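Residue-level listing of the chains:
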Amino acid sequence: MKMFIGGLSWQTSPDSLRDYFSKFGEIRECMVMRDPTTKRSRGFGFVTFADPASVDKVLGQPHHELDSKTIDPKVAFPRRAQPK
Amino acid sequence: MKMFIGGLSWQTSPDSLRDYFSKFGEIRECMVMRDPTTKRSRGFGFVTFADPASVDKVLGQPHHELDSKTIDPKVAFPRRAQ
């Protein structure tokens, strides 16, 4: 159970994203990538918390911002394929 | 390094995404999730190939279609926090 964060500033590093979301609980993994769907320089990120309670705290807080962008964290539930 | 596929049909399963891209090369990992940025139903996908050469073959093909949707795979380079 991950959180997906779209619309990140190009200046947002994975450490920056980690630092923001660690205020809500223990982070198991935090990754950013440049969003390849636009030439506008922006990123998206995925945050994995150790405790699902942390997701509720994020979703409950009505305003989030990071590196001059208003962000809107969403839940994401990846489904992996088996080997062929 | 992964390929990002936006705009998947809601019907596209992980296995279908895997079977489509396996035509271009060996797969390390393949996942699908609901795109949480729309109220209607669509997916996005992430495919990790064993060999980057497979990415070139995907990028070079002019038209891709999966479960009746045009898809336009892009390259992505995830960076993890320390």
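Determination of this PDB entry was carried out by X-ray crystallography to a resolution of 1.603 Å, according to the record.

Enquirer: I keep staring at the side chain of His64 of chain A and nothing clicks. Help me out?
Expert: Residue and element names in this part refer to chain A. Relative to the helices and strands, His64 resides in strand β4 (residues 64-66). A polar contact of 2.7 Å, which involves the side chain of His64, links it to the side chain of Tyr20. For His64, the side chain forms a polar contact with the main-chain oxygen of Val58, separated by 2.8 Å. Sequence-distant contacts of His64, that is, excluding residues within four places in its chain, are made with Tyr20, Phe24, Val58, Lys69, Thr70, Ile71 and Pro73.

Enquirer: How should the sheet that holds strand β7 (residues 79-80) of chain B be read in this particular structure?
Expert: Across a sheet, strands are paired by hydrogen bonds formed along the backbone, either parallel or antiparallel in direction. Spatially, β6(A)-β1(A)-β3(A)-β2(A)-β7(B) is the arrangement adopted by the 5 strands of the open sheet, whose pairing is antiparallel. Where the open sheet ends on each side, the last strands, each with one partner, are β6 (74-76) of chain A together with β7 of chain B. With 3 bridges connecting them, strand β1 (residues 2-9) of chain A and β6 of chain A associate as antiparallel partners. Its bridge partner lying in β6 of chain A, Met3 of chain A is registered against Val75 of chain A. Contacts between helix α1 (residues 14-21) of chain A and the sheet are confined to β1, β2 (27-34) and β3 (42-49) of chain A together with β7 of chain B, with β2 of chain A contributing the most and set at about 140° to the helix.

Rules of the game
In this document, residue positions are counted from 1 along each chain in sequence order, independent of how the entry numbers them, and residues without coordinates are left out. To read the labels, note that chains go from A and ligands from 1, taken in the order they are written. Water and hydrogen atoms were dropped before computing side-chain values, which therefore reflect all heavy atoms in the structure. A run of DSSP states H or I qualifies as a helix once it reaches four residues; a run of E qualifies as a strand once it reaches two. Both are numbered from the N-terminal end. Throughout this description, a polar contact denotes any pair of N or O atoms lying within 3.5 Å of each other; where both atoms belong to protein, one of them has to be capable of donating a hydrogen while the other can accept it, and for residues adjacent in sequence the pair is counted only when both atoms sit in side chains. Two residues qualify as a contact provided that any one of their heavy atoms is within 4.5 Å of a heavy atom in the partner residue. Two strands qualify as a pair provided that DSSP identifies no fewer than 2 bridges between them. Note on geometry: axes are lines fitted to C-alpha atoms, helical ones only across the stretch in contact, with angles between N-to-C directions running from 0 to 180 degrees.

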